[PDB]
Each structure stands twice: as C-alpha cells, then as structure tokens.
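Visitor: If you scroll down you'll find the structure; I have some questions about it.
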Amino acid sequence: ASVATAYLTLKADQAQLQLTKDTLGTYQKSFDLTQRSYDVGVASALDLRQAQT
Amino acid sequence: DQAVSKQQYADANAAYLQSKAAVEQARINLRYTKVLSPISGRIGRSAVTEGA
C-alpha cells in the first residue's frame, strides 16, 4: 500500500509540475507582451509590475 | 517616472489644448461684445444710441 501511494503521488506531482511549467510559459508570454506594450507607451508602469509579480 | 501612460498623457494634453481653444473662443467673443474700432480716423455720429 505504501509503495502504491508513493508511486501515485510521484505521478501526480510530475503531472502538476508539467502544468505549473505551462503556466510559467503563459505568464512569461504575458510579461513580454506587456513589456512590448510598455516601451511605446500604451501601458504604464503599473500593469507591467502586476504582470511581473 | 511613467506612473501614467504616454497615451493617457497625450489624451489629457489634447483635452487641455482643446479646452484652452474653447475658452479663447469665449475670450474673443467677450472681445466682440465691446466694439473695437477697426481703423483710425474721424468718427461720425452714432446711428443708434445707448439702450437701442
């Protein structure tokens, strides 16, 4: 029972690690879109800081 | 420090210049309420008087 629970929590943590990596990718795409929209002056230095956080 | 965008600074500057044009409209209209003589010379007599 213990080795079954350990293998299943290993698979679950690898799956949600992959999902967290995909959310990091989408957040990085949001950040460099906001950085592109910050240099020319559409977005101020508040939405850029929110995307950075 | 860019705590406000350049877009909503150019919008506010455009609103300021447009309102300054709309108030100098009323300033030259007050300049038209009083009657300024356009050229210099011998003025004749008044065709309409005070109160007409």
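Naming works like this for the structure tokens: A, B, ... for the chains as they're shown, residue 1 at the start of each chain, ligands 1 onward in shown order.
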Quick one: which residues from chain B are at most 9 Å off chain A, using only C-alpha atoms, as an MDAnalysis selection string?
Guide: chainID B and resid 1:8
Visitor: Let's have the selection written as a compact mmCIF listing (two decimals), in the first residue's frame, with N, CA and C atoms.
Guide:
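Saved file part-v6.txt follows:
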```txt
# COMPACT_ATOMS: atom_id res chain seq x y z
N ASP B 1 8.20 59.55 -14.17
CA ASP B 1 8.54 58.21 -13.72
C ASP B 1 7.66 57.17 -14.40
N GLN B 2 6.81 57.60 -15.35
CA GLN B 2 5.86 56.76 -16.09
C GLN B 2 4.92 55.99 -15.17
N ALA B 3 4.43 56.66 -14.13
CA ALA B 3 3.33 56.11 -13.35
C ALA B 3 1.99 56.28 -14.04
N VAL B 4 1.95 57.01 -15.15
CA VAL B 4 0.77 57.12 -16.00
C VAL B 4 1.27 57.02 -17.44
N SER B 5 0.45 56.42 -18.31
CA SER B 5 0.90 56.10 -19.67
C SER B 5 1.07 57.36 -20.51
N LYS B 6 1.89 57.23 -21.56
CA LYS B 6 2.02 58.33 -22.52
C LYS B 6 0.76 58.50 -23.35
N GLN B 7 -0.03 57.44 -23.51
CA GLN B 7 -1.29 57.53 -24.24
C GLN B 7 -2.29 58.41 -23.50
N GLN B 8 -2.50 58.15 -22.21
CA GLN B 8 -3.38 58.95 -21.38
C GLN B 8 -2.68 60.16 -20.78
```
Visitor: Suppose you want the space between CA of residue 51 (chain A) and CA of residue 23 (chain A); what is it in Å?
Guide: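 CA of residue 51 (chain A) sits 12.9 Å away from CA of residue 23 (chain A).
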Visitor: So which bits of chain A end up alpha helix (DSSP H) when you DSSP the backbone, as number ranges by chain?
Guide: A: 2-39, 47-52
Visitor: Write the residues you've just listed into a file as a CSV table (one decimal), in the first residue's frame, and include N, CA and C atoms for each of them.
Guide:
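Below is the file that was written, again-v8.csv:
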```csv
chain,number,residue,atom,x,y,z
A,2,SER,N,2.0,1.2,0.7
A,2,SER,CA,2.8,2.4,0.8
A,2,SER,C,3.5,2.7,-0.5
A,3,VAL,N,4.0,1.6,-1.2
A,3,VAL,CA,4.7,1.8,-2.4
A,3,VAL,C,3.7,2.2,-3.5
A,4,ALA,N,2.5,1.8,-3.5
A,4,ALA,CA,1.4,2.2,-4.4
A,4,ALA,C,1.1,3.7,-4.2
A,5,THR,N,0.9,4.1,-3.0
A,5,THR,CA,0.7,5.6,-2.7
A,5,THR,C,1.9,6.4,-3.1
A,6,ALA,N,3.1,5.9,-2.9
A,6,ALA,CA,4.3,6.7,-3.2
A,6,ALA,C,4.4,6.9,-4.7
A,7,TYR,N,4.1,5.8,-5.5
A,7,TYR,CA,4.2,5.9,-6.9
A,7,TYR,C,3.1,6.8,-7.5
A,8,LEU,N,1.9,6.7,-6.9
A,8,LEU,CA,0.8,7.6,-7.4
A,8,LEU,C,1.1,9.0,-7.1
A,9,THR,N,1.6,9.3,-5.9
A,9,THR,CA,1.9,10.7,-5.6
A,9,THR,C,3.1,11.2,-6.4
A,10,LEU,N,4.0,10.3,-6.8
A,10,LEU,CA,5.1,10.7,-7.8
A,10,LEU,C,4.5,11.1,-9.1
A,11,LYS,N,3.6,10.3,-9.7
A,11,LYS,CA,3.0,10.6,-11.0
A,11,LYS,C,2.2,11.9,-10.9
A,12,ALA,N,1.4,12.1,-9.8
A,12,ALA,CA,0.6,13.3,-9.6
A,12,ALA,C,1.5,14.6,-9.5
A,13,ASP,N,2.6,14.5,-8.8
A,13,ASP,CA,3.4,15.7,-8.7
A,13,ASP,C,4.2,16.0,-10.0
A,14,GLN,N,4.5,14.9,-10.8
A,14,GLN,CA,5.1,15.2,-12.1
A,14,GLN,C,4.1,15.8,-13.0
A,15,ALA,N,2.8,15.4,-13.0
A,15,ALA,CA,1.8,15.9,-13.8
A,15,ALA,C,1.5,17.4,-13.5
A,16,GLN,N,1.4,17.7,-12.2
A,16,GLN,CA,1.1,19.1,-11.8
A,16,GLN,C,2.4,20.0,-11.9
A,17,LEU,N,3.6,19.3,-11.9
A,17,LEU,CA,4.8,20.1,-12.3
A,17,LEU,C,4.8,20.5,-13.7
A,18,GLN,N,4.3,19.6,-14.6
A,18,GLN,CA,4.2,19.9,-16.1
A,18,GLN,C,3.2,21.1,-16.3
A,19,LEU,N,2.1,21.0,-15.5
A,19,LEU,CA,1.1,22.1,-15.6
A,19,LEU,C,1.6,23.4,-15.1
A,20,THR,N,2.4,23.4,-14.0
A,20,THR,CA,3.0,24.6,-13.5
A,20,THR,C,4.0,25.2,-14.4
A,21,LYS,N,4.7,24.3,-15.1
A,21,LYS,CA,5.7,24.8,-16.1
A,21,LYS,C,4.9,25.4,-17.3
A,22,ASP,N,3.8,24.9,-17.7
A,22,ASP,CA,3.0,25.5,-18.8
A,22,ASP,C,2.4,26.9,-18.3
A,23,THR,N,2.0,27.0,-17.1
A,23,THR,CA,1.5,28.3,-16.6
A,23,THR,C,2.7,29.3,-16.5
A,24,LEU,N,3.9,28.8,-16.2
A,24,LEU,CA,5.0,29.7,-16.2
A,24,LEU,C,5.3,30.2,-17.6
A,25,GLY,N,5.1,29.3,-18.6
A,25,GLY,CA,5.3,29.8,-20.0
A,25,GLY,C,4.2,30.8,-20.4
A,26,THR,N,3.0,30.6,-20.0
A,26,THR,CA,1.9,31.6,-20.4
A,26,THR,C,2.1,32.9,-19.6
A,27,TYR,N,2.6,32.8,-18.4
A,27,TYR,CA,2.9,34.1,-17.7
A,27,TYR,C,4.1,34.8,-18.3
A,28,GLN,N,5.1,34.1,-18.8
A,28,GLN,CA,6.2,34.8,-19.4
A,28,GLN,C,5.8,35.4,-20.7
A,29,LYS,N,4.8,34.8,-21.5
A,29,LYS,CA,4.3,35.4,-22.7
A,29,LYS,C,3.5,36.6,-22.3
A,30,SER,N,2.7,36.6,-21.2
A,30,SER,CA,2.0,37.8,-20.8
A,30,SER,C,3.0,38.9,-20.4
A,31,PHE,N,4.1,38.5,-19.8
A,31,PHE,CA,5.1,39.6,-19.4
A,31,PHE,C,5.8,40.2,-20.5
A,32,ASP,N,6.2,39.4,-21.6
A,32,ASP,CA,6.9,40.1,-22.6
A,32,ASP,C,5.9,40.8,-23.6
A,33,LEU,N,4.6,40.4,-23.6
A,33,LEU,CA,3.7,41.2,-24.3
A,33,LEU,C,3.4,42.6,-23.6
A,34,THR,N,3.4,42.5,-22.3
A,34,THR,CA,3.2,43.8,-21.5
A,34,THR,C,4.5,44.7,-21.6
A,35,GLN,N,5.7,44.0,-21.7
A,35,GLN,CA,6.9,44.8,-21.9
A,35,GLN,C,7.0,45.4,-23.3
A,36,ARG,N,6.4,44.7,-24.3
A,36,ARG,CA,6.3,45.3,-25.6
A,36,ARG,C,5.3,46.4,-25.6
A,37,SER,N,4.2,46.3,-24.9
A,37,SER,CA,3.2,47.4,-24.8
A,37,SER,C,3.6,48.5,-23.8
A,38,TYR,N,4.8,48.4,-23.1
A,38,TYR,CA,5.2,49.4,-22.2
A,38,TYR,C,6.2,50.3,-22.8
A,39,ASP,N,7.0,49.9,-23.8
A,39,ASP,CA,8.1,50.7,-24.4
A,39,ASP,C,7.5,51.9,-25.2
A,47,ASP,N,0.7,48.0,-14.7
A,47,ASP,CA,0.3,46.7,-15.3
A,47,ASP,C,1.5,45.9,-15.6
A,48,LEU,N,2.6,46.5,-15.9
A,48,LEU,CA,3.9,45.8,-16.1
A,48,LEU,C,4.4,45.2,-14.8
A,49,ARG,N,4.2,46.0,-13.7
A,49,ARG,CA,4.6,45.4,-12.4
A,49,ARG,C,3.6,44.3,-11.9
A,50,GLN,N,2.4,44.4,-12.2
A,50,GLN,CA,1.4,43.4,-11.9
A,50,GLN,C,1.7,42.1,-12.6
A,51,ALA,N,2.0,42.2,-13.9
A,51,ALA,CA,2.5,41.0,-14.7
A,51,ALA,C,3.8,40.5,-14.2
A,52,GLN,N,4.7,41.4,-13.7
A,52,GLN,CA,6.0,40.9,-13.2
A,52,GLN,C,5.8,40.1,-11.9
```
